[PDB]
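The block underneath contains the structure these notes are about, expressed in structure tokens.
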Amino acid sequence: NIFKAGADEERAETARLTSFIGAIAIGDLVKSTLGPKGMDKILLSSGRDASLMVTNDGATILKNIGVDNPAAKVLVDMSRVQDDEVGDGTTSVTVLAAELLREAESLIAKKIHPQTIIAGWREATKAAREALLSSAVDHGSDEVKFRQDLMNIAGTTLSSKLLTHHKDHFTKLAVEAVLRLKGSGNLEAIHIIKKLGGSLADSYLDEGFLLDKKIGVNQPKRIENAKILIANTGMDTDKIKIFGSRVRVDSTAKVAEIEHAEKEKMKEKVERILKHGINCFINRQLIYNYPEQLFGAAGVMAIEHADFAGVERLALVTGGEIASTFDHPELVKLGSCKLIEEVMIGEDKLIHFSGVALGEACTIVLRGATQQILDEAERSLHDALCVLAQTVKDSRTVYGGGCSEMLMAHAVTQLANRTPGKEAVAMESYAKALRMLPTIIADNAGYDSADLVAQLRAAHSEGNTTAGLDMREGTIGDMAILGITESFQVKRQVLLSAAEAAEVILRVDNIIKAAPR
Amino acid sequence: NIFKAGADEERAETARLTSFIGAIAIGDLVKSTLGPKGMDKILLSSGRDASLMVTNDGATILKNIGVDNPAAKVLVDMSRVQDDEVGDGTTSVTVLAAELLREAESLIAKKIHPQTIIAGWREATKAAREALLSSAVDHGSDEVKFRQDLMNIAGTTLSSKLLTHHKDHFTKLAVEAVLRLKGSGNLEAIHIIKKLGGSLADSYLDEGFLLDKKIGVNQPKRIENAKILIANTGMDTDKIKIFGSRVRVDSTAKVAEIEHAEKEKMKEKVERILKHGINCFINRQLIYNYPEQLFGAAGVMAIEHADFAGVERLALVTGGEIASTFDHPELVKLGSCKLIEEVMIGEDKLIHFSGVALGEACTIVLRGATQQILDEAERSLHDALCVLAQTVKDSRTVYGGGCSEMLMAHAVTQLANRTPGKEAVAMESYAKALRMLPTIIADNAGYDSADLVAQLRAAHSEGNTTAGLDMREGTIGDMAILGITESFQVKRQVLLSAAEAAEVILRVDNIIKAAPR
Amino acid sequence: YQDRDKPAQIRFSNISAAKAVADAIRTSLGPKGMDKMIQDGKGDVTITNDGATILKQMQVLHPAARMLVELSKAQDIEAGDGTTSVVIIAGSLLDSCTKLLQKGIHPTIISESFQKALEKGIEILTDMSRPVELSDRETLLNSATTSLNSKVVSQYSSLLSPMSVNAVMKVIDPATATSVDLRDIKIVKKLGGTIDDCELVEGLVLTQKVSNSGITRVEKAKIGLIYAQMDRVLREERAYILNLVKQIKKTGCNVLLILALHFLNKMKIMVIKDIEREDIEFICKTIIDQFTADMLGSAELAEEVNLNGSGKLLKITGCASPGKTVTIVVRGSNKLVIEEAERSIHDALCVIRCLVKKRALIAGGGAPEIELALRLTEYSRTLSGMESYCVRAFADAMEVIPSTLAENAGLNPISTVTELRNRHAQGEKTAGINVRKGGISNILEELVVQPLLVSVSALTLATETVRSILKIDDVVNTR
Amino acid sequence: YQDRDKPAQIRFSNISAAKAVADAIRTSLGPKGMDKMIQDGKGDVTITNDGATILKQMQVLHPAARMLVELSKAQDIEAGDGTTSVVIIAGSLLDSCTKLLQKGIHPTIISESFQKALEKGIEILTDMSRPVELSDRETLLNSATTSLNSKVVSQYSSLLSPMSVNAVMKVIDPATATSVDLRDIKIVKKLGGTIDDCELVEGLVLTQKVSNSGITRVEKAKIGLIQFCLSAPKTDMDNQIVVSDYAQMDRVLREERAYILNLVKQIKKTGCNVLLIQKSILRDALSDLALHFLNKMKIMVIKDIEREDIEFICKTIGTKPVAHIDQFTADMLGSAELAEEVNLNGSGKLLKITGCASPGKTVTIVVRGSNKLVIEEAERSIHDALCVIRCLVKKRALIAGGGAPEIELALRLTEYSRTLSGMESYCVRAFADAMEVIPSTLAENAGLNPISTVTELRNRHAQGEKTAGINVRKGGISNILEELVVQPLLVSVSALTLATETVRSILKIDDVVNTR
């Protein structure tokens with residue numbers, strides 16, 4: 001009667017199996033989506049048939065699925081950090097961390113203590129990390145070679161996505177957006193527009209930070225030296241975000257008094273705005289027509305219906321300030337914009353800037369038939385902009401497609417030659433898990449994995465550090481000639497995060513579950 | 001009703017298990033006996049309670065146990081040839097062959113075709129033989145170093161036996177008997193004597209071909225220049241091995257007539273033996289006292305009860321002939337002998353010879369408490385003398401005790417990188433089976449096999465080709481300093497006989513059984 | 001082998017569930033197809049041979065089999081014909097993949113192989129088609145009349161065919177525009193009269209009555225879409241209603257698309273209310289604080305014409321706005337008379353719409369499928385690798401369409417498709433099965449043809465569905 | 001873990017089967033040990049406390065249980081005492097090895113550890129032992145009397161002690177031969193008289209008679225062993241005797257008397273006055289017609305002699321076996337100074353042959369008694385006395401009894417276990433703690449507390465000497481030497497050596513395999 005009524009604790013034997021089986025089941029679920037040939041999957045919620053959909057994205061599958069196992073919950077949380085921070089390698093972290101635990105389970109049946117296995121993986125991690133550093137090749141000069149590497153990385157990130165067919169036109173969009181940046185890797189500077197109509201190949205690009213939103217009814221199409229000032233407050237009517245307050249109206253004249261009181265309150269607000277000496281005004285709330293005419297009479301461009309992402313982006317692109325309180329004049333910094341012009345793309349009024357302070361920003365305008373296509377187009381494009389911005393900070397690049405994963409497995413094998421007794425077997429299973437990534441890629445492509453993977457071992461054994469898998473022709477060739485490469489920061493992050501995730505599972509020999517409420 | 005009336009056939013996957021499990025069950029049986037620390041085993045025959053015994057010899061266990069599956073009959077027959085032809089490594093062949101099939105069974109579940117595995121083991125076999133040639137060190141000079149290595153062969157062959165106590169004394173007896181040979185490996189020139197009384201350290205060595213059994217009752221201790229003549233017939237009584245024959249006796253006068261004529265028929269044979277004018281006589285049958293006195297009166301020694309093993313050895317040593325018909329002189333060839341002595345060892349009369357042809361012959365006398373010790377000491381000595389015969393023919397020697405097995409496994413691992421994809425996995429399983437031999441030796445000694453085997457792999461990886469296991473101190477040390485070595489012809493035969501035995505079982509995918517007769 | 005993990009179990013579950021749907025509807029193919037009896041859960045029993053109607057009443061709970069249901073709906077949106085044929089073709093393809101997966105061929109190799117056979121299949125049907133002129137109204141009349149003869153009403157097809165041709169040629173520039181919007185043509189059916197009476201209106205005709213407003217006529221209209229105190233409130237309610245009317249009066253809107261009945265009559269505003277959103281979209285393309293004059297349409301003369309058999313209709317002509325739209329008025333004795341009259345118009349407009357996008361004509365009666373299966377067999381011999389058996393399986397799966405028409409015609413299904421294959425080898429696609437005479441005959445002389453878009457969209461949409469099903473590894477139930 | 005092959009199930013089966021044998025027999029240890037009821041399959045029952053007799057009636061089919069039966073038999077051949085003590089020690093060691101096997105220690109390490117403890121165990125018993133002189137017959141007499149006091153007959157152990165001592169001193173050189181062969185001493189027991197009368201005969205004594213020969217006494221007799229049956233002509237080969245009429249009846253009758261007479265004349269020519277014929281169950285050994293002919297030659301006739309006496313007669317008076325009358329001659333004959341039949345009051349008719357006057361060492365003890373059961377227990381008393389004397393000859397020493405050496409052994413091995421390192425610390429300690437089962441059993445049968453008595457002895461042996469122990473007669477802890485309880489050293493040394501070899505043999509058995 002140690003634990004009853006909802007309280008369950010698995011013993012050292014059962015909590016051992018439960019920890020791995022729960023974690024391995026997560027890795028075996030999304031392993032079919034690895035590679036450009038990866039399989040699709042159907043997600044359907046219980047009780048609701050409107051959740052039907054098909055996606056090959058490994059990150060989307062892990063977010064919607066629930067996890068009742070605390071051991072598998074740690075692996076899921078480490079996958080979401082990979083997608084939110086770096087943006088690439090979400091599937092690679094889950095698969096590699098699962099293969100380490102699958103091989104670690106077989107070592108425990110050999111009566112190898114878990115602490116000994118951990119001591120082996122720590123030494124093998126440093127040896128595998130130095131292998132990428134020696135093979136990393138960056139470019140200080142020759143921006144043509146640097147731009148070509150960006151196209152290869154962008155085309156690699158867009159693989160196994162909805163945009164994989166049209167990615168050839170999209171590589172020019174993503175690279176040019178990052179190439180024009182030439183600076184800090186802030187992604188708020190590059191706006192994303194989603195418009196209905198047209199195919200995927202009709203997506204345009206604008207280097208003047210084009211806005212996705214339309215302003216006012218009748219607005220001037222051109223303005224010279226417009227000062228950007230952002231404000232946050234209701235510009236429409238009274239009772240903004242106020243619930244429970246009513247107004248007693250006994251007749252029509254009382255409504256006219258409210259209309260006069262509204263114009264009186266808006267007039268006092270327009271006066272405080274004009275005291276700043278600004279040629280342009282921005283607010284998140286919609287602007288009513290009466291204060292719009294007060295802005296148009298003074299030449300102030302009225303911008304309305306701004307979102308939370310707008311205030312943050314409009315401040316850095318134009319060099320302005322949030323300035324939630326416009327009450328006290330000339331205490332806030334004003335933006336700098338040379339020209340604000342109206343551009344119509346997709347049968348919609350859009351706002352185009354010019355000559356803004358730090359004008360290295362830009363905007364990509366997506367074109368699709370429906371919203372579900374545009375949403376998946378933005379998620380695939382945003383994940384590409386994350387690794388391209390990271391490539392500007394660190395220009396070191398390595399060859400992907402089984403080239404880097406097999407090279408690290410070779411350095412660990414040579415380390416197993418000089419080592420004590422028990423750490424030799426532990427590092428061998430660590431090298432086998434690194435060879436499982438190019439093996440799963442060949443299985444999803446229908447090619448023979450045992451033939452292709454084993455030839456890579458003999459290829460990287462004597463020279464030939466650039467060999468890899470070619471999915472197009474189904475053979476082995478140079479990864480430098482075929483143009484397949486990925487960033488260095490992605491490989492180092494996936495390698496360390498997978499090692500730290502599998503290390504926590506080994507350190508837990510028992511799972512104590514209390515009584516649920 | 002396709003298969004009935006006793007004739008059955010097993011399907012593909014079923015005969016795959018039937019062939020492998022039948023061979024592995026034989027392998028797992030003798031693994032406990034491998035090594036000097038090998039565990040004992042009990043053998044009890046059905047219906048006979050007096051058959052209860054215990055032995056650690058792997059060769060004896062396989063001979064007494066019947067075999068059912070035909071697949072296991074091939075593995076047992078290959079182990080029997082290893083014991084008769086060589087005499088050492090009978091257990092090493094069965095255990096190594098079982099490890100090859102145990103690893104091959106896991107390769108079939110990986111969809112590796114059996115013909116591909118066979119092609120991998122053949123190429124790995126050549127690399128295993130070339131690694132022994134470089135490691136083998138022979139002696140062209142310094143016979144003292146050659147004789148010192150012969151004592152190391154006796155210590156290894158006599159290990160894991162009942163003679164371990166006094167084994168240090170038996171190392172000199174085995175080497176001295178072989179050094180007197182200087183000829184072909186036929187062991188019929190070296191007689192073996194089993195007598196009770198005394199201890200094992202009291203075992204002597206005679207170079208004058210001391211016989212097994214006594215002769216007559218009252219015999220001369222020494223005779224000068226005795227002529228050896230072998231003959232096969234009864235000299236004791238009439239009607240030897242004759243059933244159904246009778247002699248009619250009418251009265252008491254004929255009762256003694258058949259009794260006196262019985263001595264007359266023997267005396268008539270004595271007169272025909274002396275027609276050659278020899279000094280000594282040898283018979284397969286016994287000798288009655290009356291013809292024994294006729295032999296001693298004329299100066300002829302009476303030798304009786306010479307078995308089939310004796311008459312064939314006495315022919316080559318004395319240089320005589322079987323001479324089945326003594327009826328007429330100069331119809332057969334006689335022998336030559338100088339001195340025939342009598343030495344009492346272990347409460348029995350032993351017949352010593354001196355001044356005979358083929359002086360290279362000798363005899364080893366065994367002394368023990370019970371017949372069970374003498375029987376085990378005979379097979380231990382017979383196997384030791386046969387292995388030393390190959391060391392004289394081929395002086396090349398290798399270091400045993402886990403040293404030679406790891407060197408061959410290191411060459412196969414290096415070849416696995418120079419071989420294409422499908423043949424790479426098959427070679428790794430072949431090299432893994434070679435590492436199983438030192439692993440089982442450490443397990444039977446109560447030590448940790450995980451540490452010792454892993455350190456040897458790291459030791460033989462860079463330099464130190466002489467490293468091996470020390471069972472006495474329980475650690476790793478130099479085999480050249482500790483004086484542990486094995487013959488090259490033995491290790492080469494165990495390596496080839498194990499690969500050919502596992503090749504036949506792996507090639508057979510189906511078993512066709514007929515009706516028992 | 002081992003195959004401990006068996007993901008193919010869900011693959012076989014998806015093929016079995018999808019084939020069960022195609023096997024049911026197969027017997028309903030062709031004019032001679034057997035009728036089916038569907039019993040509603042309330043106990044009502046109905047009998048119909050239409051495949052598109054039965055698939056909606058099946059209530060399919062299986063996810064993979066619902067894709068075939070949605071596949072039939074996508075076929076009616078584009079081409080509008082051949083709903084049953086698409087489900088049968090998609091069912092035979094998945095059945096042929098069962099023999100391929102047992103041989104160990106990977107689905108992605110199978111999926112990529114069907115795409116090469118699909119690109120080659122389009123060229124085969126295109127080269128053997130018959131180019132026709134869109135500006136010619138004699139071919140449009142004959143192609144629609146012979147097509148509607150196999151439909152429910154074969155007697156009145158001669159009347160409704162030119163009404164659809166003159167409507168499309170009015171709203172679409174002949175031999176110029178490649179896109180036709182079927183929503184630009186509205187069909188109005190009313191009880192009374194006969195089908196012999198039809199009126200093609202260049203403007204818009206609605207079902208609403210202007211009651212109780214008695215203006216009934218507005219010329220040059222701009223149309224747009226949008227105890228003392230007890231008596232004083234009645235005066236204030238008239239003030240609030242008139243207030244919103246004053247803002248409308250300043251813009252000049254004389255017709256509004258929806259006590260106030262009298263205020264709208266003083267301003268001479270015709271009352272149009274109770275309008276369906278789908279009906280507004282027809283008016284949207286044809287012609288309160290956010291209400292302005294820029295969003296107003298235009299019209300010449302509005303009025304309500306009440307006839308004997310057409311009921312109360314709103315006749316508005318001379319919209320004078322950018323666009324091309326017409327309207328068809330349908331009369332008939334009973335409701336079933338006007339129901340099948342309009343259904344024959346939709347089938348007539350879809351066939352004409354197929355001829356505008358793709359100008360061509362191909363023979364019917366299983367002819368396109370046999371000629372397709374004949375050339376892909378020779379095309380599979382030139383290919384190398386796994387694509388050899390994958391294309392042959394795609395070709396042999398096209399034999400289900402002709403074998404089904406021969407089975408419903410009483411002939412021998414095995415002997416019919418065998419004799420026709422050699423007729424297409426020596427001859428052309430003109431050979432085929434004639435269901436009217438019950439035997440093998442030249443379809444070109446039988447005047448049985450179908451537009452090219454029906455056969456092309458059938459292979460294009462079905463292949464994308466088959467490839468989508470094969471790429472599914474498994475299904476995961478979330479919450 | 002996994003353990004595809006499980007040898008432990010055979011190890012646990014061997015330990016459980018071996019411990020079950022020692023658990024039953026342990027209650028019979030000591031003079032106060034409880035009795036048992038043994039019911040044979042036929043329904044017969046009996047009551048005996050002897051451990052050796054119970055083990056023969058166990059009929060154990062398990063292999064490990066059979067080796068313990070052979071272990072108890074090897075102890076009676078060497079020392080002849082302590083049969084139950086060896087079985088209990090062999091059962092207590094395997095029980096302590098169970099706790100070691102659960103810790104993951106391999107038996108080969110356990111087997112090698114017991115050998116080092118056995119080496120120290122012999123040295124401890126040697127230092128504590130009190131050396132005694134074998135030439136002194138005073139202490140040797142009290143050694144056999146004390147050992148036979150715990151046996152069945154405690155009354156006659158006083159007079160039978162010197163009779164066994166004088167028999168050994170004649171056939172064994174004092175302080176010379178390390179080994180003594182008890183097969184040269186034979187016991188002749190007859191009904192009537194008492195055990196107090198004992199006669200040590202330097203020659204041989206038989207229980208047969210001179211029948212039918214009426215000589216009964218011969219001086220300077222010549223003796224020989226004839227294995228050939230003297231009777232009517234009979235041949236191993238197939239023959240027939242044809243009797244038709246009265247003429248052929250006399251023809252066969254006269255030849256039967258002539259063939260026997262021809263064989264008797266061969267004995268008369270050699271001068272053999274005493275004929276010892278071996279008993280043969282195949283054909284008649286001696287007939288009636290031969291009795292008449294052997295009386296005319298005046299030769300002593302003796303028959304019905306077992307083969308066991310034939311081997312004794314050969315070595316004693318120097319005779320030799322003769323399988324055929326033609327081979328019978330003076331070379332096979334022995335001799336003696338006096339050969340006759342001595343008939344006393346109640347000792348029955350005995351054949352006394354003395355004065356062999358040849359090389360050899362032989363003696364024969366003749367003991368009388370009333371009941372046949374009384375003379376048999378007298379044979380066991382003399383046999384047990386010769387075993388105790390034999391122990392002092394091979395090893396000269398004396399140690400206290402009543403579990404005294406078991407406490408000193410278990411106490412000192414604990415200190416040696418502290419000085420060692422590795423697995424030998426727990427293995428030797430388990431070997432020491434298993435030595436306390438012997439004193440714990442003697443205290444249980446004595447009516448004391450088994451747990452409290454062993455605790456007090458460990459303190460008395462730490463401060464004092466081996467004198468402390470358990471006295472079963474007074475029911476309390478007292479001086480063992482003052483209570484006249486002593487055992488020879490060979491019994492305790494052979495108990496540890498033989499039991500260790502059996503325990504090590506059981507631990508080396510991984511699996512049993514049945515052949516055919």
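Ordering of the structure tokens sets the chain letters (A, B, ...), residue numbers begin anew at 1 in every chain, and ligands are numbered from 1 in the order given.
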Worksheet item: Please, which residues of segment 180-275 of chain B, numbered as in this document, come out alpha helix (DSSP H) from DSSP, as a ChimeraX atom specification?
Response: /B:252-273
Item to complete: Pick out the residues sitting within 6 Å of segment 417-429 of chain A, and hand them over as JSON, numbers by chain; count only C-alpha atoms, and ignore anything fewer than 6 positions along from it in its own chain.
Response: {"A": [103, 117, 120], "B": [451, 454, 455, 458]}
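Distances here use only C-alpha atoms; by that measure, the residue among D:453, D:367, D:205, D:266 closest to residue 471 of chain D is D:453.
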Worksheet entry | Backbone DSSP call of strand (DSSP E or B) for segment 98-216 of chain D, listed as a list in words |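 Across segment 98-216 of chain D, those assigned strand (DSSP E or B) are residues 130, 185, 186, 187, 188, 189, 192, 198, 199, 200, 201, 204, 205 and 206 of chain D.
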Worksheet item: atom CA of residue 138 of chain D and atom CA of residue 365 of chain D are how many Å apart?
Response: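 Computing it gives 20.6 Å between the two atoms.
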Return the neighbours of chain C among the residues of chain B, cut-off 12 Å, counting only C-alpha atoms, as a CSV table (one decimal) with N, CA and C atoms, in the first residue's frame.
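Output saved as result35.csv:
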```csv
chain,number,residue,atom,x,y,z
B,12,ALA,N,11.5,-22.9,-45.5
B,12,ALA,CA,12.7,-22.0,-45.5
B,12,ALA,C,13.0,-21.5,-44.2
B,13,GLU,N,12.1,-20.6,-43.6
B,13,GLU,CA,12.5,-20.0,-42.3
B,13,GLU,C,12.5,-21.0,-41.2
B,16,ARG,N,15.7,-22.8,-41.4
B,16,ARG,CA,16.7,-21.8,-41.0
B,16,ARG,C,16.9,-21.8,-39.5
B,105,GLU,N,22.9,-15.6,-38.1
B,105,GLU,CA,21.4,-15.7,-37.9
B,105,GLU,C,20.8,-14.3,-37.8
B,106,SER,N,21.5,-13.4,-37.2
B,106,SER,CA,21.0,-12.0,-37.0
B,106,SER,C,21.2,-11.2,-38.4
B,107,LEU,N,22.1,-11.7,-39.2
B,107,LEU,CA,22.3,-11.0,-40.5
B,107,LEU,C,21.1,-11.3,-41.5
B,108,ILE,N,20.5,-12.5,-41.4
B,108,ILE,CA,19.4,-12.8,-42.3
B,108,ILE,C,18.2,-12.0,-42.0
B,109,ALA,N,18.0,-11.7,-40.7
B,109,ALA,CA,16.9,-10.8,-40.3
B,109,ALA,C,17.1,-9.4,-40.9
B,110,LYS,N,18.3,-9.0,-41.3
B,110,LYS,CA,18.6,-7.8,-41.9
B,110,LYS,C,18.5,-7.8,-43.4
B,111,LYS,N,18.0,-8.9,-44.0
B,111,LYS,CA,17.8,-9.1,-45.4
B,111,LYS,C,19.2,-9.0,-46.1
B,112,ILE,N,20.1,-9.9,-45.6
B,112,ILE,CA,21.4,-10.1,-46.2
B,112,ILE,C,21.4,-11.5,-46.7
B,113,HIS,N,21.6,-11.7,-48.0
B,113,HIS,CA,21.5,-13.0,-48.7
B,113,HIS,C,22.7,-13.9,-48.2
B,114,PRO,N,22.4,-15.2,-48.0
B,114,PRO,CA,23.4,-16.1,-47.5
B,114,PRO,C,24.6,-16.2,-48.4
```
Practice prompt. Quick one: everything within 9 Å of segment 434-446 of chain D, counting only C-alpha atoms, minus sequence neighbours fewer than 5 positions away in the same chain. Send it as number ranges by chain.
Written response: D: 26-34, 85, 88-89, 92-93, 95-96, 402-404, 406-407, 409-410, 429, 451, 453-454, 469-476
Go through chain B residue by residue and, counting only C-alpha atoms, keep those with an atom at most 8 Å from chain D; for each kept residue give the shortest atom pair and its distance in Å to one decimal, ordered by chain and increasing number, as JSON lines.
```
{"residue": "B:32", "atom": "CA", "partner": "D:510", "partner_atom": "CA", "distance": 7.7}
{"residue": "B:37", "atom": "CA", "partner": "D:108", "partner_atom": "CA", "distance": 7.7}
{"residue": "B:39", "atom": "CA", "partner": "D:508", "partner_atom": "CA", "distance": 5.5}
{"residue": "B:40", "atom": "CA", "partner": "D:509", "partner_atom": "CA", "distance": 5.3}
{"residue": "B:41", "atom": "CA", "partner": "D:509", "partner_atom": "CA", "distance": 5.4}
{"residue": "B:42", "atom": "CA", "partner": "D:512", "partner_atom": "CA", "distance": 4.7}
{"residue": "B:43", "atom": "CA", "partner": "D:513", "partner_atom": "CA", "distance": 5.3}
{"residue": "B:44", "atom": "CA", "partner": "D:514", "partner_atom": "CA", "distance": 4.9}
{"residue": "B:45", "atom": "CA", "partner": "D:515", "partner_atom": "CA", "distance": 4.4}
{"residue": "B:46", "atom": "CA", "partner": "D:516", "partner_atom": "CA", "distance": 5.0}
{"residue": "B:47", "atom": "CA", "partner": "D:516", "partner_atom": "CA", "distance": 7.9}
{"residue": "B:64", "atom": "CA", "partner": "D:515", "partner_atom": "CA", "distance": 6.9}
{"residue": "B:65", "atom": "CA", "partner": "D:515", "partner_atom": "CA", "distance": 5.5}
{"residue": "B:66", "atom": "CA", "partner": "D:515", "partner_atom": "CA", "distance": 6.9}
{"residue": "B:246", "atom": "CA", "partner": "D:238", "partner_atom": "CA", "distance": 7.9}
{"residue": "B:252", "atom": "CA", "partner": "D:255", "partner_atom": "CA", "distance": 7.6}
{"residue": "B:445", "atom": "CA", "partner": "D:108", "partner_atom": "CA", "distance": 6.7}
{"residue": "B:446", "atom": "CA", "partner": "D:106", "partner_atom": "CA", "distance": 5.2}
```
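Using only C-alpha atoms, the shortest contact distance between residue 379 of chain A and any of A:158, A:101, A:34, A:118 is found at A:158.
A least-squares superposition of chain A onto chain B that uses all C-alpha atoms in sequence order produces an RMSD of 1.3 Å.
Between atom CA of residue 18 of chain C and atom CA of residue 64 of chain C lies a distance of 6.6 Å.
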Worksheet item: Neighbours of residue 493 of chain D within 9 Å (only C-alpha atoms; same-chain residues fewer than 6 positions away dropped), as JSON, numbers by chain?
Response: {"D": [121, 122, 125]}
Item to complete: Write out as a list in words each polymer residue whose atoms come within 10 Å of residue 310 of chain D, counting only C-alpha atoms; drop sequence neighbours fewer than 3 positions from it.
Response: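 The contact residues come out as residues 225, 226, 227, 276, 277, 278, 279, 305, 306, 307, 313, 314, 315, 316, 319, 320 and 321 of chain D.
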Worksheet item: residue 168 of chain D: which residues within 12 Å, counting only C-alpha atoms, same-chain residues fewer than 4 positions away excluded, as JSON, numbers by chain?
Response: {"D": [134, 135, 137, 140, 161, 162, 163, 164, 172, 173, 174, 175, 177, 179, 180, 181, 182, 183, 184, 185, 186, 200, 202, 361, 362, 363, 364, 365, 382, 383, 385, 386, 387, 388, 389, 390, 392, 393]}
With C-alpha atoms retained, write the just-selected residues as a tab-separated table (two decimals), in the first residue's frame.
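Contents of the output file out_15.tsv:
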```tsv
chain	number	residue	atom	x	y	z
D	134	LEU	CA	52.17	-44.25	19.86
D	135	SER	CA	54.51	-46.56	21.79
D	137	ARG	CA	49.85	-48.18	25.52
D	140	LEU	CA	46.09	-45.68	23.57
D	161	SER	CA	40.67	-52.19	24.34
D	162	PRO	CA	43.99	-53.95	25.16
D	163	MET	CA	43.02	-56.91	22.97
D	164	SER	CA	42.94	-54.62	19.94
D	172	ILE	CA	52.62	-53.32	12.82
D	173	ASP	CA	56.06	-52.10	13.84
D	174	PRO	CA	55.64	-49.42	16.54
D	175	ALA	CA	56.61	-45.90	15.44
D	177	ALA	CA	54.82	-47.83	9.46
D	179	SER	CA	49.90	-46.77	7.23
D	180	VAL	CA	48.16	-49.78	8.78
D	181	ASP	CA	46.19	-52.35	6.78
D	182	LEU	CA	43.27	-53.63	8.85
D	183	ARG	CA	42.65	-56.50	6.41
D	184	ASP	CA	45.33	-58.58	8.16
D	185	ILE	CA	43.17	-58.76	11.32
D	186	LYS	CA	40.16	-61.08	11.34
D	200	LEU	CA	44.61	-63.51	20.14
D	202	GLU	CA	48.99	-65.67	15.79
D	361	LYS	CA	52.46	-60.55	9.88
D	362	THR	CA	49.03	-61.93	10.83
D	363	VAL	CA	46.86	-62.16	13.93
D	364	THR	CA	43.38	-63.50	14.73
D	365	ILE	CA	41.14	-62.37	17.59
D	382	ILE	CA	36.64	-54.29	17.92
D	383	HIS	CA	36.39	-52.94	14.36
D	385	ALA	CA	38.53	-49.82	18.15
D	386	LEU	CA	40.96	-50.77	15.37
D	387	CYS	CA	39.83	-47.71	13.39
D	388	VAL	CA	40.58	-45.42	16.34
D	389	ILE	CA	43.98	-47.04	16.89
D	390	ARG	CA	44.70	-46.70	13.16
D	392	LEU	CA	46.68	-42.53	16.08
D	393	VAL	CA	49.25	-44.45	14.03
```
Fill in: Test item: residues at most 10 Å from residue 469 of chain C, only C-alpha atoms, excluding those fewer than 3 positions along its chain, as number ranges by chain
A: 40; C: 11, 14-15, 18, 64-65, 67, 94, 107, 111, 463-466, 472-473
Discussion item. Restricting the calculation to only C-alpha atoms: of A:176, A:452, A:393, A:293, which residue gets closest to chain B?
Written reply: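 Ranking A:176, A:452, A:393, A:293 by distance to chain B, first place goes to A:452.
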Worksheet entry | Between atom CA of residue 462 of chain B and atom CA of residue 477 of chain B - distance in Å to one decimal | 15.6 Å
